[PDB]
């Protein structure tokens, strides 16, 4: 497994080796040793997993959790192809306002660790695209917020030659800048404090 630090502080891209034989294939998308090497502590205790399947051109996001309590996540594409996007919405971060993207396909699988306090989005590049997540806390509707993924200011890589397919909840989301002004974005220091507790060595 190889790890590569992303441009959003603390986010990490993991590239597992793909093992093949006459029965099929195997990857180990999350590995404690590689994870600790790159992050400095183990994964958060897992509270919930997600399996989402999307049609081509679907854009989901930008999603984040009110912080505190916040949520850290670990995601990979288990079927199909996605452009995964991490957006740094943590006020005070050295990379605040920046985003980075990871192409996730089945030939060269990659997983991404999303720190507490960051935003997540993706676009499905094929039908039947499955995004598989581990989360540090169960989804609580009241704590789950969104930002506009289509915000021309951000210029996310979510246009693939078709009209983006977006839920009304994601479509009506306020922009990063509006959320900042309203005091709705996570604080970087607070997010790192929470993250350090979630990923502490037991």
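Numbering follows the first chain given and starts at 1.
Mean CA B-factor, 167-175 versus 34-42: the higher value falls on 167-175. Higher mean CA temperature factor, per the PDB entry, when comparing 134-142 with 157-165: 157-165. When the modelled residues of the chain are ordered by C-alpha B-factor, residue 22 sits in the highest third. Looking at the C-alpha B-factors along this chain, the one for residue 13 belongs to the lowest third. In this PDB entry, the Cα temperature factor of residue 100 sits in the bottom third of its chain's modelled residues, the lowest group. When all modelled residues of the chain are sorted by CA temperature factor, residue 108 is found within the highest third. In the deposited entry, the Cα temperature factor of residue 57 sits in the middle third of values across the chain's modelled residues.
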